[PDB]
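Undergrad: The data below comprise the sequence and an experimental structure of the protein.
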Amino acid sequence: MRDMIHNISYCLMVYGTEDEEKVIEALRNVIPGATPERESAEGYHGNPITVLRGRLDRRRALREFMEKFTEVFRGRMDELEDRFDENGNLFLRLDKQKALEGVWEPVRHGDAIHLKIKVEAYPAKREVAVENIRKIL
Ligand code: NI
């Protein structure tokens, strides 16, 4: 058995014209059952937002996520390789509008669902994390 990932931190924003329920529906197409904490902040162009944040470590959610992550990113490792940090983490941003339609679309900038994925890796280093995910993909 492998843990694969230790936990997932997530962040996404709700702008003034957005329906928070649909934003959360989009998040739940990436992490079903996610129940984010709310906090008021400023987003793009200083627009007031609610930030929806969470740190998820529930085994059932992590495993379901890895199942979908694996289907999505099988043979697409070259799209992820540069998104790892020096500490084992994989940073993945997905298009929020696409998520609402049930599609995982990696993006680099813009309005996204931000995931900070703590990859099971020892030593907790970029190369180890990369190798581990590539093997999975
Ligand atoms: Ni601007």
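TA: Noted; the coordinates are in hand. Numbers count the residues shown, from 1 in each chain.
Undergrad: Tell me if I'm right that residue 22 and residue 99 touch.
TA: No - checked against Cβ atoms under 8 Å, the pair residue 22 and residue 99 is beyond contact range at 10.2 Å. C-beta: built from backbone N, CA, C; applies to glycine.
Undergrad: okay, those two: which has more neighbours?
TA: residue 99 (21 against 13; other Cβ atoms under 10 Å).
Undergrad: On the three-state scheme, the nearest residue to the more buried one once chain neighbours are set aside is what?
TA: Excluding the flanking residues, the one nearest residue 99 by Cβ to Cβ, 6 or more residues apart in numbering is residue 26, at 4.0 Å. The three-state assignment at residue 26 reads helix, by DSSP: H, G, I helix; E, B strand; the rest coil.
Undergrad: what's the helix or strand for the residue most central in space within the chain?
TA: Closest to where the C-alpha atoms of the chain average out (Cα atoms, centre = their mean) is residue 115, at 2.5 Å. For residue 115, the host element (DSSP states H and E) is strand 112-119.
Undergrad: do the same with residue 9
TA: Using DSSP H and E, residue 9 falls within strand 5-14.
Undergrad: Kindly report the same for residue 39.
TA: Using DSSP H and E, the element containing residue 39 is strand 37-42.
Undergrad: Run a quick neighbour tally on residue 122.
TA: By the criterion of other Cβ under 10 Å, residue 122 has 9 neighbours.
Undergrad: Nearest residue to it in space, ignoring adjacent ones along the chain?
TA: Leaving aside its sequence neighbours, residue 122 sits nearest to residue 128 (Cβ to Cβ, 6+ apart; 6.6 Å).
Undergrad: in this protein, which spans are helices?
TA: Taking DSSP state H, the helices of the chain run over residues 20-27, 59-73, 96-100, 126-136.
Undergrad: related to what we said a few turns ago, touching, the residue nearest to residue 99 and residue 100? I think so.
TA: Yes - at 3.9 Å, residue 26 counts as touching residue 100 under the criterion of Cβ under 8 Å.
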